[PDB]
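Architecture and fold: a report
Take a look at the letters that make up each chain.
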Amino acid sequence: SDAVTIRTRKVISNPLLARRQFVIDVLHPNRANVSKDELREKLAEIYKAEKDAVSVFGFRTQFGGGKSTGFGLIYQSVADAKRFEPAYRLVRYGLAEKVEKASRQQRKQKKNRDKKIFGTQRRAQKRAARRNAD
Amino acid sequence: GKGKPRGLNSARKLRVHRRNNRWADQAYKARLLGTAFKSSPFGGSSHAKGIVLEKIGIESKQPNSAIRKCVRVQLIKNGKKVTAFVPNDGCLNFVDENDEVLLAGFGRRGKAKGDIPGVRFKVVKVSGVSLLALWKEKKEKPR
Amino acid sequence: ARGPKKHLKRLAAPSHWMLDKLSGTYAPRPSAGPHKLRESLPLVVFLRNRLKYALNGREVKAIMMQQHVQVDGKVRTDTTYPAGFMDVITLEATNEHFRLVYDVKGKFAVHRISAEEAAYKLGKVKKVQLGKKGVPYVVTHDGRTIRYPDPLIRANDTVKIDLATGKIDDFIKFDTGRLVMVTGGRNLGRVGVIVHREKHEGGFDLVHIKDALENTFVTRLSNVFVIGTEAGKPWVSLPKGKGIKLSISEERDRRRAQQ
Amino acid sequence: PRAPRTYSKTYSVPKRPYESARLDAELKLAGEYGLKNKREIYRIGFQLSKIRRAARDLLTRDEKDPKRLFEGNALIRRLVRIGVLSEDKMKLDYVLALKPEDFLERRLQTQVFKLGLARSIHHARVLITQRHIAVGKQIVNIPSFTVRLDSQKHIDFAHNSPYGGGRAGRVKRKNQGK
Amino acid sequence: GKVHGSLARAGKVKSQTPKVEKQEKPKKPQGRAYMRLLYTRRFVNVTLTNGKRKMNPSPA
RNA sequence: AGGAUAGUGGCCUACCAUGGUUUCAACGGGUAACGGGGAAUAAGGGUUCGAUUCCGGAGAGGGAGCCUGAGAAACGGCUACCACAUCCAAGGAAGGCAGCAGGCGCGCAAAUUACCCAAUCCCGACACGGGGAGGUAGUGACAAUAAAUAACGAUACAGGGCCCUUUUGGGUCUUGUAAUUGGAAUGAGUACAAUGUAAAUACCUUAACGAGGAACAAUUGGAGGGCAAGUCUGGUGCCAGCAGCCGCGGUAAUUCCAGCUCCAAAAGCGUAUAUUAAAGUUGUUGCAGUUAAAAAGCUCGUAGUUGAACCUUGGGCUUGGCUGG
Ligand SMILES: [Mg+2]
Ligand SMILES: [Mg+2]
Ligand SMILES: [Mg+2]
Ligand SMILES: [Mg+2]
Ligand SMILES: [Mg+2]
Ligand SMILES: [Mg+2]
Ligand SMILES: [Mg+2]
Ligand SMILES: [Mg+2]
Ligand SMILES: [Mg+2]
Ligand SMILES: [Mg+2]
Ligand SMILES: [Mg+2]
Ligand SMILES: [Mg+2]
Ligand SMILES: [Mg+2]
Ligand SMILES: [Mg+2]
Ligand SMILES: [Mg+2]
Ligand SMILES: [Mg+2]
Ligand SMILES: [Mg+2]
Ligand SMILES: [Mg+2]
Ligand SMILES: [Mg+2]
Ligand SMILES: [Mg+2]
Ligand SMILES: [Mg+2]
Ligand SMILES: [Mg+2]
Ligand SMILES: [Mg+2]
Ligand SMILES: [Mg+2]
Ligand SMILES: [Mg+2]
Ligand SMILES: [Mg+2]
Ligand SMILES: [Mg+2]
Ligand SMILES: [Mg+2]
Ligand SMILES: [Mg+2]
Ligand SMILES: [Mg+2]
Ligand SMILES: [Mg+2]
Ligand SMILES: [Mg+2]
Ligand SMILES: [Mg+2]
Ligand SMILES: [Mg+2]
Ligand SMILES: [Mg+2]
Ligand SMILES: [Mg+2]
Ligand SMILES: [Mg+2]
Ligand SMILES: [Mg+2]
Ligand SMILES: [Mg+2]
Ligand SMILES: [Mg+2]
Ligand SMILES: [Mg+2]
Ligand SMILES: [Mg+2]
Ligand SMILES: [Mg+2]
Ligand SMILES: [Mg+2]
Ligand SMILES: [Mg+2]
Ligand SMILES: [Mg+2]
Ligand SMILES: [Mg+2]
Ligand SMILES: [Mg+2]
């Protein structure tokens, strides 16, 4: 039925990045798979760590189901985790907000448009305004 | 002593003699002379497009008696004029004057086949549509 | 070609890094440094491919920018710094000291050493000559320049670097019977004693080396690194295997018994 | 760009397309082992044709040659491992005597039928293709999966299959649920 | 060669061939099943006429 | 000897000698020629190819000349000319996709004016910015791997297989026929969802849905020989057409056009061209030269090729490592 089983192998203690890192094996018979959010809750209880210090990613289910393999990180603190984590994983866990920027086309076009201006934008547009006597 | 040098230091004579004598192989001459590049109507290509000039018809060779129904085609790539056979029962009616036809060889690699005299190409497509598709009513000619 | 190359194609990287083909188009180009490009090991390969401490290239830069990594007693922040033979890597956060010595398979072994041994290093003397104001100096294999050496030290000798002051503790004269590791060619990583030095004026001198199993191989003098005063007395701890090359049949037999 | 990824062909066609002796031998051989097409017979012949070539090269070398001893024993060991070569025929002269039926015996399709889990060999392929057979604790749906000697004993129905203790399938649930 | 001829007879035989529709016959099995069908037909129920074996005997 | 160069050097200059290469093929021409690692085919020996994932070289429409800089004769730097070509208020100004995508043209011949720096790496004053380098997706039957398109029953009916048996008549278990009858199994597809990812798509897992004509319907070529498979039926009648080659067609065509049936390969099959084996039809291995193609009319002869035999043998002594047994 349920009976989610978690195995950790290739465990490496990494004080250089203030974390412990390992491979995660999940046994979930009679279950499609286990969500990363649910694995993070289970992992926090097993190792008595804060939920926000646990990161899992890169999961794949074996052929026939019933088993998945991934990678996990456990930091010594949430502060250490927030420093040594990719932005996209913190957005996954809700620890950060997705930064809002224009498309790459818009950013590149704006960069090349500003390349035609020497000096301040205020000077350039005031002088351009003077030329167009309209 | 078999009429060729055998000495251990006679490799130059052996190498040059073989090099000289491969020119007697007509297959070898055509590869190095680039005769397909220079003389072939296709310029060495497998296929070539062209424009149909006229529907005419070629009398078969003996002992056969028939009208092989061909077309006169001017190749787009070099402006040369060739005769191309139109295969199958009644496919000449699919080919009209000033149509664009894709040609290919007859498969004898530059020689005429069977009783058809002087024809080395066959029509594959007309107006960008396969002649076989037209024959089997899979597609219709765009006109 | 209008200037120096700055990229390294994945396929063109040194084979002893043991990089995979399909991970990307490029490989880490080692910076200019104490060791040659072909004979070095960038710190990015060591921290990610060897130790597997970092999961990607972004993480190795994060490790080194917090001042953790020291090479030869100095903090290095260059992710493509060309670490080489006899270099000491210190990670005091993990309390680990490594020395880069070749294993018998031709690759840089992951050779852990004690803190006491990590306080010095060996360098092969490339040349001895006079500098400005008539001051003699020695150039080691890692580009070090040591002034006022022992006047008995000559080329192809090995010096013991204090590695904290950069001075010479003592040296080993190049002569028959000295313990040697091979640092080039197909006999790379083997350890033995000098049997016979064959001189060739204007060409390349050849050294005959005897393995601990009385196997004899020949290699160029440029690939010879003196590491001990006699057999069984290396001046640094050797990696696992002690530089003795076994045949593939012998390796298969040893692997069968171990498993 | 990125380094090229290696690939190779796994079969080779006969030089003479129409030959009743070979055609009859192939169809007789395909019917016995329930093969889909002739390419599955060409595949066995191709890999057997290059096994013989490897064996011939070692046999020209002197006995006790290091290459002949190392690679010959490894090739024999691998063939014994998959059950194609008998334990009393490790001489590299019986390797040349191997036949395509030796390889077809060790397919998953052959072993399922020969283990009694299926009524016929054609039932074996559809059982395999339909994710009913598991080797160890791993479902295998490839009929050409070569069974090792140590994996031979662990062929049985998948634990989540209707025939092996799993729930009822799609068809039964639609009938008994009305 | 002298080359010319009337084009009026192009497609004569194919045009005047009486059109006959294909009878809506059962599909043949595909893949592994078809190899199974052929094997039995040639090695299980042999239809030989005392050493005279024909794949496509015309009715005679 | 000097000048110039970062530096050697006819690299250039002054003066002076007459040298330098070449039938062992110089020099010149051609190349549908960038070189190599390599590719195709392969008993051996070979033949053909290599624009193209790596290395080296060369170029940025064609030349030439330069600035800056350690590094460029750089071209997403400049100057000038040639060929194209843009705006103009007619005074002037500005160009270089053999970068990515895309367009025109050319052609037998080749994809999206998409997303992103998350990975691989590179650059900068740099832990932070940038990167059409690179990665992701789109198109994609270039090639390559695996691999569905059905499986099993039940009855019927037949034969063999056996057994009760002399055959007879039966019991009965192995095949084949069933518009002759069932209940099982599953993914293609779709889908909550989770995983995947920078974000997605897809894959992998997986609720619910998803197969009887299981229309969820395999095709491409052939059926005289080579070459496997029709002397079937209808049509035409040296016409139309087929036919790589040999050949077929003039009223029962084994060859055309069709229907049926059958053969071959099958998610692939056919055609054109090139190339390799077959080709011992380029032959060193390994061809042929009286008559099938082929000994110069005959001698001489330089280069080339090739060149008789002969100089410490035998014996003896110890001598290690191996291999029968
Ligand atoms: Mg700006
Ligand atoms: Mg600006
Ligand atoms: Mg000539
Ligand atoms: Mg040729
Ligand atoms: Mg004829
Ligand atoms: Mg066309
Ligand atoms: Mg240095
Ligand atoms: Mg140093
Ligand atoms: Mg047959
Ligand atoms: Mg001078
Ligand atoms: Mg000079
Ligand atoms: Mg060229
Ligand atoms: Mg070439
Ligand atoms: Mg190449
Ligand atoms: Mg090339
Ligand atoms: Mg070209
Ligand atoms: Mg290149
Ligand atoms: Mg350039
Ligand atoms: Mg251009
Ligand atoms: Mg330029
Ligand atoms: Mg450009
Ligand atoms: Mg450039
Ligand atoms: Mg472009
Ligand atoms: Mg294409
Ligand atoms: Mg396009
Ligand atoms: Mg990918
Ligand atoms: Mg289908
Ligand atoms: Mg779907
Ligand atoms: Mg879906
Ligand atoms: Mg997601
Ligand atoms: Mg057909
Ligand atoms: Mg036949
Ligand atoms: Mg008739
Ligand atoms: Mg023929
Ligand atoms: Mg008739
Ligand atoms: Mg008839
Ligand atoms: Mg017949
Ligand atoms: Mg025929
Ligand atoms: Mg027919
Ligand atoms: Mg078949
Ligand atoms: Mg050959
Ligand atoms: Mg001949
Ligand atoms: Mg001959
Ligand atoms: Mg002859
Ligand atoms: Mg001949
Ligand atoms: Mg004659
Ligand atoms: Mg004569
Ligand atoms: Mg002699």
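Structure determination for this PDB entry was carried out by X-ray crystallography, with a resolution of 3.00 Å recorded in the header.

Under the PDB entry, the name given to chain C is 40S ribosomal protein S4, and the source organism is Candida albicans. You can read under Subunit (literature references left out) in the UniProt record for chain C the words "Component of the small ribosomal subunit. Mature ribosomes consist of a small (40S) and a large (60S) subunit. The 40S subunit contains about 32 different proteins and 1 molecule of RNA (18S). The 60S subunit contains 45 different proteins and 3 molecules of RNA (25S, 5.8S and 5S)." UniProt annotates chain C under Sequence similarities with the comment "Belongs to the eukaryotic ribosomal protein eS4 family."

In the annotation of the PDB entry, chain A is listed under the name 40S ribosomal protein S24 and assigned to Candida albicans. UniProt annotates chain A under Sequence similarities (unreviewed entry) with the comment "Belongs to the eukaryotic ribosomal protein eS24 family."

**Some words on the overall build of chain A**
If you tally the helices and strands in chain A, you get five helices and four strands. When the helices and strands of chain A are listed from N to C terminus, the series reads β-β-α-β-β-α-α-α-α. Here chain A has a C-alpha radius of gyration of 24 Å; the compact-globule value for 134 residues is 14 Å, and the former is much larger. Across the 134 residues that make up chain A, the buried fraction comes to 29%. Contacts in chain A between residues far apart in sequence, at least 24 positions, make up 47% of those at least 6 positions apart. Within the structure as shown, chain A displays about 9200 Å² of accessible surface, and the carbon and sulfur contribution to it stands at 47%. Within chain A, one finds 33 positive and 14 negative side-chain charges whose respective centroids are separated by 14 Å.

**Things to note about the protein's contact with RNA strand F**
Surveying the vicinity of RNA strand F reveals 168 residues, the closest of which are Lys101(A), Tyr26(C), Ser120(D), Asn175(D) and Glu24(E). Counting only the atoms of RNA strand F within 4 Å of the protein, the fraction contributed by sugar and phosphate is 73%. Here a phosphate oxygen of RNA strand F and a backbone polar atom of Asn9(B) are 3.0 Å apart. One of the side-chain N or O atoms of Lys27(E) is found 3.4 Å from a phosphate oxygen in RNA strand F. Per-element accounting of the surface near RNA strand F gives the leading share, eight residues, to helix α2 (residues 32-43) of chain E. Among the residues forming the surface near RNA strand F, the class breakdown is 53 nonpolar, 55 polar and 60 charged.

**Re the sheet that holds strand β9 (residues 127-130) of chain C**
Sheet strands pair by backbone hydrogen bonding; their relative direction is either parallel or antiparallel. Residues and elements named next belong to chain C. Read across the open sheet, the three strands follow the order β9-β10-β11; overall the sheet is antiparallel. Every interior strand has two partners, whereas the edge strands, β9 and β11 (145-147), have only one. Neighbour-to-neighbour, the strand axes of this sheet turn through a mean angle of 25 degrees, independent of strand direction. Two elements, strand β10 (residues 136-139) and β11, share three bridges in a ladder whose sense is antiparallel. Counterpart to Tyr137 in the pairing with β11 is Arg147.

**Looking at the nonpolar core**
Inside soluble globular proteins, nonpolar side chains tend to come together where they are buried. Counting 59 residues, the largest nonpolar core has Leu47(C) and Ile89(C) as its most contacted members. The element contributing the most residues to this core is helix α1 (residues 43-50) of chain C, with five residues. Contact partners of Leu47(C), with chain neighbours within four places excluded, come to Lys52(C), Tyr53(C), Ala54(C), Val60(C), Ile63(C), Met64(C), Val69(C) and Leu91(C). Ranked by size, the runner-up nonpolar core spans 20 residues in total, among them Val52(B), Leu75(B), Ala84(B) and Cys91(B).

**Notes on the state of the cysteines**
Residue and element names in this part refer to chain B. Following the criterion strictly, the structure yields zero disulfides over all chains and no others. Looking at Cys70, it has no disulfide partner, and the nearest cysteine sulfur is the one in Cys91, 13 Å off. Looking at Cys70, the relative accessible area reads 0%, which means it is buried. We classify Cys91 as buried; its relative accessible area is 0%.

**Digging into the pairing of strand β2 (residues 19-27) of chain A**
Extensive coverage of β2(A) is indicated by the burial of seven of its nine residues. Where strand β1 (residues 5-14) of chain A folds back onto β2(A) in an antiparallel hairpin, the turn is made up of four residues, including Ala18(A), whose phi is positive at roughly 55 degrees.

**Remarks on the interface of chain A and chain C**
It is common to give the size of an interface as the accessible area lost on bringing the parts into contact. Facing twelve residues of chain A, the contacting portion of chain C comprises 13 residues. Together chain A and chain C conceal approximately 1000 Å² of surface at their shared face, both sides included; 62% is due to carbon and sulfur atoms. For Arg19(A), the salt bridge identified is with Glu59(C), shortest N-O distance 3.0 Å. Classifying every residue of the side of chain A that touches chain C by side-chain character gives eight nonpolar, two polar and two charged.

**Quick look at a positive patch on the surface**
Residues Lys136(B), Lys138(B), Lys139(B), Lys14(E), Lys22(E), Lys25(E), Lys28(E) and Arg41(E) make up a contiguous surface patch of positive charge. Here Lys138(B) shows up in the segment after α4 (131-135). With relative accessibility at 61%, the residue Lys138(B) sits in the exposed group.

The rules we used
Residues numbered from 1 in each chain as written, not as in the entry; some residues may be left out. Chains lettered and ligands numbered in written order. Part of a larger assembly, values for the part shown. Heavy atoms only, no water. UniProt positions renumbered as here; feature names shortened; annotations may be inferred. Helix = DSSP H or I, 4+ residues; strand = E, 2+ residues; numbered from the N terminus. Rg over C-alpha atoms; globule rule 2.2 N^0.38 Å. Buried < 20%, exposed > 50% of the residue type's maximum accessible area, 1.4 Å probe, protein only. Contact = heavy atoms within 4.5 Å. Areas by Shrake-Rupley, 256 points an atom, 1.4 Å probe, with all protein chains shown as cover. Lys, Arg positive; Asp, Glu negative; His and termini not counted. Charge placed at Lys NZ, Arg CZ, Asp CG, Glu CD. Near = heavy atom within 4 Å. Polar contact = N/O pair within 3.5 Å; in protein donor to acceptor, adjacent residues only side chain to side chain. Nonpolar A, V, L, I, M, F, W, Y, C, P; charged D, E, K, R; others polar. Pairing = 2+ DSSP bridges. Axes fitted to C-alpha atoms, helices over the stretch in contact; angles between N-to-C directions. Core = buried A, V, L, I, M, F, W, Y, C linked by side-chain atoms within 4.5 Å. Disulfide = S-S within 2.5 Å. Buried area = accessible area lost by both parts, 1.4 Å probe. Salt bridge = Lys/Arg side-chain N within 4 Å of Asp/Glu carboxyl O. Patch = residues over 30% accessible without salt bridge, like charges linked within 9 Å, V, L, I, M, F, W, Y side chains within 5 Å.

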